[PDB]
Each structure stands twice: as structure tokens, then as C-alpha cells.
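**Student:** Just passing along the structure, written as C-alpha cells.
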Amino acid sequence: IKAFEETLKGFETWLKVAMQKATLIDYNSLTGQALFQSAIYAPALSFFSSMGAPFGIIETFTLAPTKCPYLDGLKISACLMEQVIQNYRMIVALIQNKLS
Amino acid sequence: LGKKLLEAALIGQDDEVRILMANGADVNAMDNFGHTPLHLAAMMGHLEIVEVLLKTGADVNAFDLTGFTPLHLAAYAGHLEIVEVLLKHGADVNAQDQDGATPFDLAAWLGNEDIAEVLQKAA
């Protein structure tokens, strides 16, 4: 259970950075799209996999840009980051059910 | 052991990193995005794990599939002490992603002014 706590701590350490920088990333630029993938989406996937593993939760989080209908790349990035956080809440609800 | 090292280096499990290295984990292990453990620890700010990876032969200038180096990702996240350690171990300040962005560029665009000044000095 210690490992799971360690995963939550890493996730929240990552999130504090991702949540502020996401507002500055232009998702429509080549570099911004790549940085979002490398530094936001990819770590999120690893955290979500580590969170779900010990509880049998096997889900694959995927970005949904169709739900971010904005011309401004900065607002797309903030919208996609919101999806990441929502997925965290979804997995946590599943875990709490398992534990209960 | 590579996937366990990538996970422990991202999460910040110092003990587990040391155990994995002592059991012969590949310091060059790569995730599905081209990241090495050092990419993930530098981005996260995990200093001691960064030092452990460097001491065990990590390429300080490895590129992930999106063209970012560990210096890029530390400059992005705002980890000044990491940036300084990477530079001391030969990190390339002129590394560019696939559209020409350097570590300085990322620091400037993302508002990490201290790092941007350090990288400009080094250039």
C-alpha cells in the first residue's frame, strides 16, 4: 500500500507543475503539442497505470480533443489538462469502491 | 527491469532506483515515448535519482521521440538545481527539438526566468 501512497505523492508532485505550465503550452504549435505529449500525457499514463495496477483497474486514458473546440491552442492545452485531472478523479472513485 | 526503473524514476522512489541499478537495470531503458529514466527524473525534480542515474552511465543528452533532452524537460518544469547538475555533466544547451526549440526557449516560454538566465550564460 506504501507503493500506492508513493505513486499518489509522485502524481501530485507532477501535477503541481503540469497544472501551471499547461496554461502556457500552445497545443496548436509543433513544439507545444510535442511537449504536452512528452511531459503531460506520457507521465499521466504512467501514474494512472501505477495507481490502477494493485487494484485490478485496467483502463487506458486517452486525450479527447473533440471536447476542446477552441481555436486558441492555449485553451486546448488547459482543456486537455482538465481531462487528465478528471481521469484521476475517475480512477480514485473506482479505487475507493474497491477498498469499500 | 527497465519498466520498473522507468516507473520508479518517475514516481521518485529513490530506494527502488538504487535496488534496480544494483540488480543490473538498464540505465538506457526507454518508455513508449522515448524517455530514459533520466528524462523522467529530471522533469520531476528528483535530484538524488538524477545523480544515481548519471553515476551509473545515463546519457545526459538522450533525445526522446519528440526531440526533448533531459535538459529540455528540467528547463520546462522549472527545476534549477537539476538544470545545474545536468549542465555540469555536459548537457547540451543547444539541443533542439524537431521545430528548433532549445532548453532556453522552453524556459523563456514557460516563465522559468532563473533557468533561462543560467542557460543563456552557459551559451
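If you're wondering about the labels, chains in the C-alpha cells are A, B, ... by order shown, residues count from 1 in each chain, ligands from 1 in order shown.
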Only residues of chain B matter here; which ones have an atom within 8 Å of chain A, counting only C-alpha atoms? Give them as a list in words.
**Tutor:**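 Within 8 Å of chain A on chain B, we get residues 7, 10, 11, 12, 13, 33, 43, 44, 66, 73, 77, 97, 98, 99, 101, 109 and 110 of chain B.
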**Student:** Filtering to C-alpha atoms, could you give me those residues as an mmCIF file, in the first residue's frame?
**Tutor:**
```
data_model
loop_
_atom_site.group_PDB
_atom_site.id
_atom_site.type_symbol
_atom_site.label_atom_id
_atom_site.label_comp_id
_atom_site.auth_asym_id
_atom_site.auth_seq_id
_atom_site.Cartn_x
_atom_site.Cartn_y
_atom_site.Cartn_z
ATOM 1 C CA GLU B 7 8.306 3.870 -13.138
ATOM 2 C CA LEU B 10 9.166 8.980 -12.456
ATOM 3 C CA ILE B 11 7.496 8.371 -9.093
ATOM 4 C CA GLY B 12 10.581 9.329 -7.089
ATOM 5 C CA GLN B 13 11.287 6.022 -5.304
ATOM 6 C CA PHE B 33 7.638 7.988 -25.730
ATOM 7 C CA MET B 43 11.457 16.522 -15.391
ATOM 8 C CA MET B 44 10.149 15.545 -11.940
ATOM 9 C CA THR B 66 9.573 14.267 -29.559
ATOM 10 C CA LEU B 73 12.381 18.772 -19.575
ATOM 11 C CA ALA B 77 9.435 22.057 -15.304
ATOM 12 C CA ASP B 97 13.508 19.513 -30.690
ATOM 13 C CA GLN B 98 12.004 18.924 -34.119
ATOM 14 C CA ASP B 99 10.898 22.534 -34.586
ATOM 15 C CA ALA B 101 13.203 24.725 -29.660
ATOM 16 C CA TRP B 109 8.183 30.481 -22.921
ATOM 17 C CA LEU B 110 7.144 28.816 -19.660
#
```
**Student:** DSSP on the backbone: what in range 13-116 of chain B comes out helix (DSSP H, G or I), as an NGL selection string?
**Tutor:** :B and (14-22 or 37-44 or 47-55 or 70-77 or 80-88 or 103-109 or 113-116)
**Student:** One decimal, in Å: what's the spacing between CA of residue 95 in chain A and CA of residue 56 in chain A?
**Tutor:**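 Going from CA of residue 95 in chain A over to CA of residue 56 in chain A, I get 9.2 Å.
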**Student:** Set the distance at 8 Å and use only C-alpha atoms: which residues neighbour residue 75 in chain B once local chain neighbours fewer than 4 positions away are removed? I'd like the list as a list in words.
**Tutor:**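 After dropping sequence-adjacent residues, the list is residues 71, 79, 80, 83, 103, 104, 106, 107, 112, 115 and 116 of chain B.
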**Student:** Nearest residue to residue 74 in chain B out of B:118, B:41, B:53, B:25, using only C-alpha atoms?
**Tutor:**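 Smallest separation from residue 74 in chain B among the options: B:41.
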**Student:** With a distance cut-off of 10 Å and only C-alpha atoms, select the neighbouring residues of residue 91 in chain A, excluding the residue or stretch itself and same-chain residues fewer than 2 positions from it, and output the selection as an mmCIF file with N, CA, C and O atoms, in the first residue's frame.
**Tutor:**
```cif
data_model
loop_
_atom_site.group_PDB
_atom_site.id
_atom_site.type_symbol
_atom_site.label_atom_id
_atom_site.label_comp_id
_atom_site.auth_asym_id
_atom_site.auth_seq_id
_atom_site.Cartn_x
_atom_site.Cartn_y
_atom_site.Cartn_z
ATOM 1 N N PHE A 48 -1.232 6.721 -13.910
ATOM 2 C CA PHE A 48 -2.558 6.107 -13.858
ATOM 3 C C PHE A 48 -2.430 4.594 -13.893
ATOM 4 O O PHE A 48 -3.166 3.874 -13.206
ATOM 5 N N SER A 49 -1.473 4.098 -14.667
ATOM 6 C CA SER A 49 -1.175 2.670 -14.655
ATOM 7 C C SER A 49 -0.658 2.210 -13.293
ATOM 8 O O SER A 49 -1.139 1.206 -12.759
ATOM 9 N N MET A 51 -1.240 3.617 -10.396
ATOM 10 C CA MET A 51 -2.341 3.703 -9.451
ATOM 11 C C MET A 51 -3.277 2.514 -9.579
ATOM 12 O O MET A 51 -3.775 2.005 -8.570
ATOM 13 N N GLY A 52 -3.591 2.109 -10.817
ATOM 14 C CA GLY A 52 -4.662 1.148 -11.023
ATOM 15 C C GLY A 52 -4.216 -0.288 -10.830
ATOM 16 O O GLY A 52 -5.016 -1.153 -10.445
ATOM 17 N N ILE A 57 -7.506 -2.364 -11.623
ATOM 18 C CA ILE A 57 -8.087 -1.375 -12.523
ATOM 19 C C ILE A 57 -7.215 -1.296 -13.768
ATOM 20 O O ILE A 57 -6.077 -0.835 -13.723
ATOM 21 N N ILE A 58 -7.754 -1.741 -14.880
ATOM 22 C CA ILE A 58 -7.071 -1.758 -16.162
ATOM 23 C C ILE A 58 -7.887 -0.857 -17.086
ATOM 24 O O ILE A 58 -8.950 -1.239 -17.584
ATOM 25 N N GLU A 59 -7.418 0.367 -17.268
ATOM 26 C CA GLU A 59 -8.056 1.345 -18.134
ATOM 27 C C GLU A 59 -6.938 2.066 -18.873
ATOM 28 O O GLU A 59 -5.810 2.142 -18.377
ATOM 29 N N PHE A 61 -6.216 5.729 -20.356
ATOM 30 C CA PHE A 61 -6.626 7.109 -20.537
ATOM 31 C C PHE A 61 -6.186 7.581 -21.913
ATOM 32 O O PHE A 61 -5.044 7.345 -22.328
ATOM 33 N N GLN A 86 -9.621 15.003 -14.419
ATOM 34 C CA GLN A 86 -10.880 14.267 -14.344
ATOM 35 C C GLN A 86 -10.619 12.768 -14.350
ATOM 36 O O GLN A 86 -11.235 12.024 -13.592
ATOM 37 N N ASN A 87 -9.684 12.300 -15.169
ATOM 38 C CA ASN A 87 -9.396 10.870 -15.159
ATOM 39 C C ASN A 87 -8.842 10.415 -13.807
ATOM 40 O O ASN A 87 -9.116 9.300 -13.351
ATOM 41 N N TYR A 88 -7.998 11.231 -13.189
ATOM 42 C CA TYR A 88 -7.526 10.916 -11.847
ATOM 43 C C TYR A 88 -8.716 10.719 -10.912
ATOM 44 O O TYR A 88 -8.794 9.732 -10.189
ATOM 45 N N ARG A 89 -9.678 11.641 -10.945
ATOM 46 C CA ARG A 89 -10.853 11.516 -10.082
ATOM 47 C C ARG A 89 -11.650 10.263 -10.406
ATOM 48 O O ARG A 89 -12.221 9.631 -9.504
ATOM 49 N N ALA A 93 -12.244 7.217 -7.716
ATOM 50 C CA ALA A 93 -13.562 6.718 -7.343
ATOM 51 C C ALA A 93 -13.613 5.207 -7.455
ATOM 52 O O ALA A 93 -14.172 4.533 -6.583
ATOM 53 N N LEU A 94 -13.043 4.653 -8.526
ATOM 54 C CA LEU A 94 -13.005 3.198 -8.677
ATOM 55 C C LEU A 94 -12.217 2.538 -7.556
ATOM 56 O O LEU A 94 -12.614 1.483 -7.048
ATOM 57 N N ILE A 95 -11.090 3.135 -7.164
ATOM 58 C CA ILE A 95 -10.294 2.568 -6.094
ATOM 59 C C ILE A 95 -11.070 2.593 -4.796
ATOM 60 O O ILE A 95 -11.116 1.585 -4.085
ATOM 61 N N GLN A 96 -11.715 3.714 -4.476
ATOM 62 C CA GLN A 96 -12.426 3.805 -3.200
ATOM 63 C C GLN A 96 -13.544 2.778 -3.117
ATOM 64 O O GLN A 96 -13.773 2.182 -2.065
ATOM 65 N N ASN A 97 -14.246 2.568 -4.224
ATOM 66 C CA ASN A 97 -15.217 1.488 -4.296
ATOM 67 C C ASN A 97 -14.571 0.142 -4.020
ATOM 68 O O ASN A 97 -15.079 -0.646 -3.212
#
```
**Student:** Excluding range 84-89 of chain B and any residue of its chain fewer than 4 positions from it, enumerate the residues within 12 Å of it, using only C-alpha atoms, and give them as number ranges by chain.
**Tutor:** B: 38-39, 41-43, 45-55, 57-62, 69-75, 78-80, 93-94, 103, 114-123
**Student:** Would you mind exporting the chosen residues as a PDB file, in the first residue's frame, restricted to C-alpha atoms?
**Tutor:**
```
ATOM      1  CA  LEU B  38      16.929  10.381 -16.541  1.00  0.00           C
ATOM      2  CA  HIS B  39      14.367  12.194 -18.699  1.00  0.00           C
ATOM      3  CA  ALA B  41      13.667  12.097 -13.030  1.00  0.00           C
ATOM      4  CA  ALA B  42      14.976  15.413 -14.400  1.00  0.00           C
ATOM      5  CA  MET B  43      11.457  16.522 -15.391  1.00  0.00           C
ATOM      6  CA  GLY B  45      12.956  17.241  -9.997  1.00  0.00           C
ATOM      7  CA  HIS B  46      14.268  14.058  -8.353  1.00  0.00           C
ATOM      8  CA  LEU B  47      17.831  15.172  -7.683  1.00  0.00           C
ATOM      9  CA  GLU B  48      19.292  12.134  -5.949  1.00  0.00           C
ATOM     10  CA  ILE B  49      17.804   9.815  -8.566  1.00  0.00           C
ATOM     11  CA  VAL B  50      19.273  12.067 -11.266  1.00  0.00           C
ATOM     12  CA  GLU B  51      22.688  11.729  -9.594  1.00  0.00           C
ATOM     13  CA  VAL B  52      22.312   7.959  -9.280  1.00  0.00           C
ATOM     14  CA  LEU B  53      21.373   7.630 -12.952  1.00  0.00           C
ATOM     15  CA  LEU B  54      24.263   9.840 -14.044  1.00  0.00           C
ATOM     16  CA  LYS B  55      26.734   7.930 -11.836  1.00  0.00           C
ATOM     17  CA  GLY B  57      26.193   5.850 -17.051  1.00  0.00           C
ATOM     18  CA  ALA B  58      22.996   7.607 -18.167  1.00  0.00           C
ATOM     19  CA  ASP B  59      23.370   9.585 -21.391  1.00  0.00           C
ATOM     20  CA  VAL B  60      22.819  13.135 -20.210  1.00  0.00           C
ATOM     21  CA  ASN B  61      21.954  14.173 -23.784  1.00  0.00           C
ATOM     22  CA  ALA B  62      19.481  11.446 -24.773  1.00  0.00           C
ATOM     23  CA  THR B  69      16.514  16.030 -23.835  1.00  0.00           C
ATOM     24  CA  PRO B  70      16.600  15.819 -20.038  1.00  0.00           C
ATOM     25  CA  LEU B  71      17.781  19.461 -20.041  1.00  0.00           C
ATOM     26  CA  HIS B  72      14.710  20.439 -22.075  1.00  0.00           C
ATOM     27  CA  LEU B  73      12.381  18.772 -19.575  1.00  0.00           C
ATOM     28  CA  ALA B  74      14.074  20.207 -16.488  1.00  0.00           C
ATOM     29  CA  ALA B  75      14.027  23.686 -18.081  1.00  0.00           C
ATOM     30  CA  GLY B  78      11.497  24.765 -13.601  1.00  0.00           C
ATOM     31  CA  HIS B  79      13.991  22.624 -11.655  1.00  0.00           C
ATOM     32  CA  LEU B  80      17.020  24.900 -11.345  1.00  0.00           C
ATOM     33  CA  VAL B  93      22.424  23.799 -24.189  1.00  0.00           C
ATOM     34  CA  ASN B  94      21.994  23.938 -27.983  1.00  0.00           C
ATOM     35  CA  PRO B 103      16.064  24.355 -23.430  1.00  0.00           C
ATOM     36  CA  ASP B 114      16.169  31.839 -13.270  1.00  0.00           C
ATOM     37  CA  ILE B 115      16.796  28.845 -15.527  1.00  0.00           C
ATOM     38  CA  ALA B 116      16.633  30.976 -18.668  1.00  0.00           C
ATOM     39  CA  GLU B 117      19.390  33.228 -17.301  1.00  0.00           C
ATOM     40  CA  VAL B 118      21.559  30.244 -16.353  1.00  0.00           C
ATOM     41  CA  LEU B 119      21.159  28.683 -19.801  1.00  0.00           C
ATOM     42  CA  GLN B 120      21.922  31.961 -21.563  1.00  0.00           C
ATOM     43  CA  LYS B 121      25.110  32.311 -19.506  1.00  0.00           C
ATOM     44  CA  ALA B 122      26.164  28.778 -20.481  1.00  0.00           C
ATOM     45  CA  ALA B 123      25.547  29.566 -24.170  1.00  0.00           C
TER      46      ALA B 123
END
```
